[PDB]
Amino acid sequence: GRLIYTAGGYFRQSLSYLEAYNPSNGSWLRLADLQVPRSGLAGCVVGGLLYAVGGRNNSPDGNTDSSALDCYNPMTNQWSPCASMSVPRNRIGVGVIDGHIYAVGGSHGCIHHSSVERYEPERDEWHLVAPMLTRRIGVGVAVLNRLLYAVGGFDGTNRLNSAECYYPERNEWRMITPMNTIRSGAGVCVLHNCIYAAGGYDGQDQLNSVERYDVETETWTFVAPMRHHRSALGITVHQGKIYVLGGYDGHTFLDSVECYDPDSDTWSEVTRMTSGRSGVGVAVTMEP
């Protein structure tokens, strides 16, 4: 696509913002607010449309975990509700395979889910698939070569270095090599042939480290760390570079956006969000 969209998030309370960053000229555009504020959601794009999945509305009126799926059309600048998931999923992870949205893990109150469900936009229906081997909230999800990966998180008792892969034609999850770092709330994405995990919280500190899993060699390798430690960051890929957005560094809700160039193994600051926030959903599609 052309723009990096950030939806929702948290600063003092859950947020409704939808804002779009254009890497080609540095500009930010404020677009139509989400109908319901939410943090801990995930974003993804299918068929040019932006989807906001899950989350939680932390507000003075109370706290409500979200089973919602909502769809933003850049052509109209309007959000439309879609079918809701089987369960609320705060701190969810999502990935897209073959035009279907997989919703992974997350929490509903004290319930930490291992369940996973798949949304078919052509039918506006969700269906449960095989659950993960581990309960995971704050889980990072990415897709490579039509396989789905769930990375890190929190199982209700422990933060996790483990990761697992879903094989759709077998409707089966299998563990993969664990990361070298415990990470909940990391940013997880794919670049070339590797699954990247950036940042997160290891139980003691917010992290700046970044490691990547080569699906051929089944090993994790550290790359250059981010300039800022951050948990509950948003992450996406644009033009072969990783962008990380916001998060919490143990002191401030960050407005920093950093960009990773894999050829030089360096991170640089490329813009600031209009306000600091964590727990955003992020995805890339065409300008509105």
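For every residue, the number given is its place in the sequence shown, counted from 1.
S.K.: So, looking at the entry's B-factor column for Cα atoms, which has the higher mean, 141-149 or 157-165?
M.R.: In the deposited entry, the stretch with the higher C-alpha B-factor mean is 157-165.
S.K.: Give the stretch, out of 119-127 and 79-87, with the larger mean C-alpha temperature factor in the deposited entry.
M.R.: The recorded data point to 119-127.
S.K.: Out of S184, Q206, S107, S209, whose C-alpha atom has the biggest B factor in the entry?
M.R.: The C-alpha B-factor peaks, among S184, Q206, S107, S209, at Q206.
S.K.: Select one of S66, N63, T236, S39: the residue whose C-alpha shows the highest B-factor in the crystal structure entry.
M.R.: Of the candidates given, the C-alpha B-factor peaks at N63.
S.K.: Relative to the other modelled residues in the chain, which third contains the C-alpha temperature factor of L29: lowest, middle or highest?
M.R.: According to the entry, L29 has a C-alpha B-factor in the chain's highest third.
S.K.: Looking at the C-alpha B-factor of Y213, is it in the lowest, middle or highest third of its chain?
M.R.: Lowest third, going by the recorded CA B-factors of the chain.
S.K.: Is the Cα B-factor recorded for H112 in the lowest, middle or highest third of its chain?
M.R.: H112: CA B-factor falls in the middle third of its chain.
S.K.: Going by the recorded CA B-factors, say which third of the chain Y196 sits in, lowest, middle or highest.
M.R.: Lowest third of the chain for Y196's C-alpha B-factor.
S.K.: Of the three thirds of its chain by CA temperature factor, lowest, middle or highest, which one includes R136?
M.R.: Tercile = lowest for this residue's CA B-factor.
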